[PDB]
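Colleague: Input structure: my_file_24.tsv, which contains TSV, N, CA, C and O atoms and all ligand atoms.
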```tsv
chain	number	residue	atom	x	y	z
A	1	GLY	N	0.81	-1.21	0.00
A	1	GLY	CA	0.00	0.00	0.00
A	1	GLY	C	0.84	1.26	0.00
A	1	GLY	O	0.80	2.04	0.95
A	2	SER	N	1.61	1.46	-1.07
A	2	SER	CA	2.47	2.63	-1.19
A	2	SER	C	1.65	3.91	-1.13
A	2	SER	O	0.80	4.15	-1.98
A	3	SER	N	1.92	4.73	-0.12
A	3	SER	CA	1.20	5.99	0.05
A	3	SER	C	1.35	6.87	-1.19
A	3	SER	O	0.37	7.43	-1.69
A	4	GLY	N	2.58	6.99	-1.68
A	4	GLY	CA	2.83	7.80	-2.86
A	4	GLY	C	4.25	8.34	-2.90
A	4	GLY	O	4.93	8.25	-3.92
A	5	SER	N	4.69	8.91	-1.78
A	5	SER	CA	6.03	9.48	-1.69
A	5	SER	C	6.28	10.47	-2.82
A	5	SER	O	7.35	10.49	-3.43
A	6	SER	N	5.28	11.30	-3.10
A	6	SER	CA	5.39	12.30	-4.16
A	6	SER	C	6.28	13.45	-3.73
A	6	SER	O	7.29	13.74	-4.37
A	7	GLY	N	5.91	14.11	-2.64
A	7	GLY	CA	6.69	15.23	-2.14
A	7	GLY	C	6.26	15.66	-0.75
A	7	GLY	O	6.44	14.92	0.22
A	8	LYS	N	5.70	16.86	-0.65
A	8	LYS	CA	5.25	17.39	0.63
A	8	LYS	C	6.44	17.67	1.55
A	8	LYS	O	6.40	17.37	2.75
A	9	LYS	N	7.49	18.26	0.99
A	9	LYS	CA	8.68	18.59	1.76
A	9	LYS	C	8.42	19.76	2.70
A	9	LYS	O	7.76	20.74	2.34
A	10	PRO	N	8.94	19.66	3.93
A	10	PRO	CA	8.78	20.71	4.94
A	10	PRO	C	9.56	21.97	4.61
A	10	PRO	O	10.39	21.98	3.70
A	11	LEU	N	9.29	23.04	5.35
A	11	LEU	CA	9.97	24.32	5.12
A	11	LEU	C	10.99	24.59	6.23
A	11	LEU	O	10.63	24.98	7.33
A	12	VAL	N	12.26	24.37	5.91
A	12	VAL	CA	13.33	24.60	6.88
A	12	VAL	C	14.31	25.66	6.38
A	12	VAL	O	14.56	25.77	5.18
A	13	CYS	N	14.85	26.44	7.31
A	13	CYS	CA	15.80	27.49	6.96
A	13	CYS	C	17.15	26.90	6.56
A	13	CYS	O	17.87	26.35	7.39
A	14	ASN	N	17.48	27.03	5.28
A	14	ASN	CA	18.75	26.50	4.77
A	14	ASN	C	19.93	27.29	5.33
A	14	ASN	O	21.08	26.96	5.07
A	15	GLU	N	19.63	28.33	6.10
A	15	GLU	CA	20.66	29.16	6.70
A	15	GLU	C	21.07	28.62	8.07
A	15	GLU	O	22.26	28.56	8.40
A	16	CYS	N	20.08	28.23	8.87
A	16	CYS	CA	20.34	27.69	10.20
A	16	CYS	C	19.87	26.24	10.30
A	16	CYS	O	20.51	25.42	10.95
A	17	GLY	N	18.75	25.94	9.65
A	17	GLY	CA	18.22	24.59	9.68
A	17	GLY	C	17.03	24.46	10.61
A	17	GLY	O	16.92	23.47	11.34
A	18	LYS	N	16.15	25.45	10.59
A	18	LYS	CA	14.96	25.44	11.44
A	18	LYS	C	13.71	25.16	10.62
A	18	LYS	O	13.37	25.92	9.70
A	19	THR	N	13.01	24.08	10.95
A	19	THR	CA	11.79	23.71	10.24
A	19	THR	C	10.60	24.52	10.74
A	19	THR	O	10.52	24.87	11.91
A	20	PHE	N	9.68	24.82	9.83
A	20	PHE	CA	8.49	25.59	10.17
A	20	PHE	C	7.23	24.91	9.66
A	20	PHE	O	7.30	23.97	8.86
A	21	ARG	N	6.07	25.38	10.12
A	21	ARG	CA	4.80	24.81	9.71
A	21	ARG	C	4.19	25.61	8.56
A	21	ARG	O	3.76	25.04	7.56
A	22	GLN	N	4.15	26.93	8.72
A	22	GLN	CA	3.60	27.81	7.70
A	22	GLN	C	4.69	28.30	6.75
A	22	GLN	O	5.88	28.20	7.06
A	23	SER	N	4.28	28.83	5.60
A	23	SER	CA	5.22	29.33	4.61
A	23	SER	C	5.72	30.72	4.99
A	23	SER	O	6.90	31.03	4.86
A	24	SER	N	4.80	31.56	5.46
A	24	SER	CA	5.14	32.92	5.86
A	24	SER	C	6.09	32.92	7.05
A	24	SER	O	6.93	33.81	7.20
A	25	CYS	N	5.95	31.91	7.91
A	25	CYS	CA	6.79	31.79	9.09
A	25	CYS	C	8.26	31.68	8.71
A	25	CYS	O	9.06	32.57	8.99
A	26	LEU	N	8.61	30.58	8.05
A	26	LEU	CA	9.99	30.35	7.63
A	26	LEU	C	10.56	31.58	6.94
A	26	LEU	O	11.59	32.11	7.34
A	27	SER	N	9.88	32.03	5.89
A	27	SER	CA	10.32	33.20	5.14
A	27	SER	C	10.54	34.39	6.07
A	27	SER	O	11.64	34.94	6.13
A	28	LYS	N	9.49	34.78	6.78
A	28	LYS	CA	9.57	35.90	7.71
A	28	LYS	C	10.72	35.71	8.69
A	28	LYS	O	11.14	36.66	9.36
A	29	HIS	N	11.23	34.49	8.78
A	29	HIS	CA	12.33	34.17	9.68
A	29	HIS	C	13.67	34.25	8.95
A	29	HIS	O	14.68	34.68	9.52
A	30	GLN	N	13.68	33.84	7.68
A	30	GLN	CA	14.89	33.87	6.88
A	30	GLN	C	15.46	35.28	6.80
A	30	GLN	O	16.68	35.46	6.80
A	31	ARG	N	14.58	36.27	6.73
A	31	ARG	CA	15.00	37.66	6.65
A	31	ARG	C	16.04	37.98	7.73
A	31	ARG	O	16.79	38.94	7.60
A	32	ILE	N	16.06	37.17	8.78
A	32	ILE	CA	17.00	37.36	9.87
A	32	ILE	C	18.43	37.13	9.41
A	32	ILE	O	19.36	37.80	9.87
A	33	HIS	N	18.61	36.18	8.50
A	33	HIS	CA	19.93	35.86	7.97
A	33	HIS	C	20.25	36.71	6.74
A	33	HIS	O	21.34	37.27	6.63
A	34	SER	N	19.29	36.79	5.83
A	34	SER	CA	19.47	37.57	4.61
A	34	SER	C	18.90	38.98	4.77
A	34	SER	O	17.71	39.15	5.02
A	35	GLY	N	19.77	39.98	4.62
A	35	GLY	CA	19.33	41.36	4.76
A	35	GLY	C	18.39	41.78	3.65
A	35	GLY	O	17.32	41.20	3.48
A	36	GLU	N	18.79	42.79	2.89
A	36	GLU	CA	17.97	43.29	1.79
A	36	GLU	C	17.78	42.22	0.72
A	36	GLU	O	18.39	41.16	0.78
A	37	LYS	N	16.92	42.51	-0.25
A	37	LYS	CA	16.65	41.58	-1.34
A	37	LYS	C	17.86	41.45	-2.26
A	37	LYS	O	18.67	42.37	-2.40
A	38	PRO	N	17.98	40.29	-2.92
A	38	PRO	CA	19.08	40.01	-3.84
A	38	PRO	C	18.99	40.83	-5.12
A	38	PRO	O	18.33	40.43	-6.08
A	39	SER	N	19.64	41.99	-5.13
A	39	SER	CA	19.63	42.87	-6.29
A	39	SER	C	20.50	42.31	-7.41
A	39	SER	O	20.04	42.14	-8.54
A	40	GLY	N	21.76	42.02	-7.09
A	40	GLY	CA	22.67	41.48	-8.08
A	40	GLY	C	24.08	41.35	-7.55
A	40	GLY	O	24.34	40.62	-6.59
A	41	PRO	N	25.03	42.05	-8.18
A	41	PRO	CA	26.44	42.03	-7.79
A	41	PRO	C	26.68	42.72	-6.45
A	41	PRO	O	27.82	42.83	-5.99
A	42	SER	N	25.60	43.19	-5.83
A	42	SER	CA	25.70	43.87	-4.55
A	42	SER	C	25.89	42.88	-3.41
A	42	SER	O	26.89	42.90	-2.70
A	43	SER	N	24.91	41.99	-3.24
A	43	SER	CA	24.96	40.99	-2.18
A	43	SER	C	25.85	39.81	-2.60
A	43	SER	O	26.84	39.51	-1.94
A	44	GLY	N	25.48	39.16	-3.69
A	44	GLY	CA	26.25	38.03	-4.18
A	44	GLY	C	26.58	38.14	-5.65
A	44	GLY	O	27.25	37.25	-6.18
B	101	ZN	ZN	17.23	30.59	9.99
```
Take the structure in the file and give it back as structure tokens.
Modeller:
Amino acid sequence: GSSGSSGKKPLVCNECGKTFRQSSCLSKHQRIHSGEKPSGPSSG
């Protein structure tokens, strides 16, 4: 009875490694590591 194993991957901060439940949560948290938005040759 294979469930499916399609996806449904959790949302974790690739910066620290903290998993979250909501999408806005993780993101609103990532801002802590990443300052302004990625413009270009400025940040990276
Ligand atoms: Zn983080």
Colleague: What is the distance, in Å and to one decimal place, between atom N of residue 32 (chain A) and atom O of residue 11 (chain A)?
Modeller: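 So the answer is 13.4 Å.
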Colleague: Find the residue from A:20, A:34, A:40, A:15 that sits nearest to ligand ZN 101 (chain B); use only N, CA, C and O atoms and all ligand atoms when measuring.
Modeller: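 That would be A:15, the residue with the smallest distance to ligand ZN 101 (chain B).
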Colleague: Which residues of chain A sit at most 5 Å from ligand ZN 101 (chain B), using all atoms listed in the file? Give each one's shortest atom pair and distance in Å (one decimal place), in chain and ascending residue order, as CSV.
Modeller:
```
residue,atom,partner,partner_atom,distance
A:13,CA,B:ZN101,ZN,4.6
A:15,C,B:ZN101,ZN,4.7
A:16,N,B:ZN101,ZN,3.9
A:17,N,B:ZN101,ZN,4.9
A:29,O,B:ZN101,ZN,4.8
```
Colleague: For those residues, write N, CA, C and O atoms to a file as an mmCIF file, keeping the file's coordinate frame.
Modeller:
```cif
data_model
loop_
_atom_site.group_PDB
_atom_site.id
_atom_site.type_symbol
_atom_site.label_atom_id
_atom_site.label_comp_id
_atom_site.auth_asym_id
_atom_site.auth_seq_id
_atom_site.Cartn_x
_atom_site.Cartn_y
_atom_site.Cartn_z
ATOM 1 N N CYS A 13 14.850 26.440 7.310
ATOM 2 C CA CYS A 13 15.800 27.490 6.960
ATOM 3 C C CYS A 13 17.150 26.900 6.560
ATOM 4 O O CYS A 13 17.870 26.350 7.390
ATOM 5 N N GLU A 15 19.630 28.330 6.100
ATOM 6 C CA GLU A 15 20.660 29.160 6.700
ATOM 7 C C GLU A 15 21.070 28.620 8.070
ATOM 8 O O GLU A 15 22.260 28.560 8.400
ATOM 9 N N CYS A 16 20.080 28.230 8.870
ATOM 10 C CA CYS A 16 20.340 27.690 10.200
ATOM 11 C C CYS A 16 19.870 26.240 10.300
ATOM 12 O O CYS A 16 20.510 25.420 10.950
ATOM 13 N N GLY A 17 18.750 25.940 9.650
ATOM 14 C CA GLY A 17 18.220 24.590 9.680
ATOM 15 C C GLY A 17 17.030 24.460 10.610
ATOM 16 O O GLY A 17 16.920 23.470 11.340
ATOM 17 N N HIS A 29 11.230 34.490 8.780
ATOM 18 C CA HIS A 29 12.330 34.170 9.680
ATOM 19 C C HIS A 29 13.670 34.250 8.950
ATOM 20 O O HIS A 29 14.680 34.680 9.520
#
```
Colleague: Enumerate, as a PyMOL selection string, the complete set of residues in chain A that a backbone-based DSSP assignment places in alpha helix (DSSP H).
Modeller: chain A and resi 23-30
Colleague: Using Å and a single decimal, report how far CA of residue 4 (chain A) sits from atom O of residue 26 (chain A).
Modeller: 27.8 Å
Colleague: Between CA of residue 30 (chain A) and atom O of residue 12 (chain A), what is the spacing in Å?
Modeller: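 Pair atom O of residue 12 (chain A) / CA of residue 30 (chain A) returns 8.3 Å.
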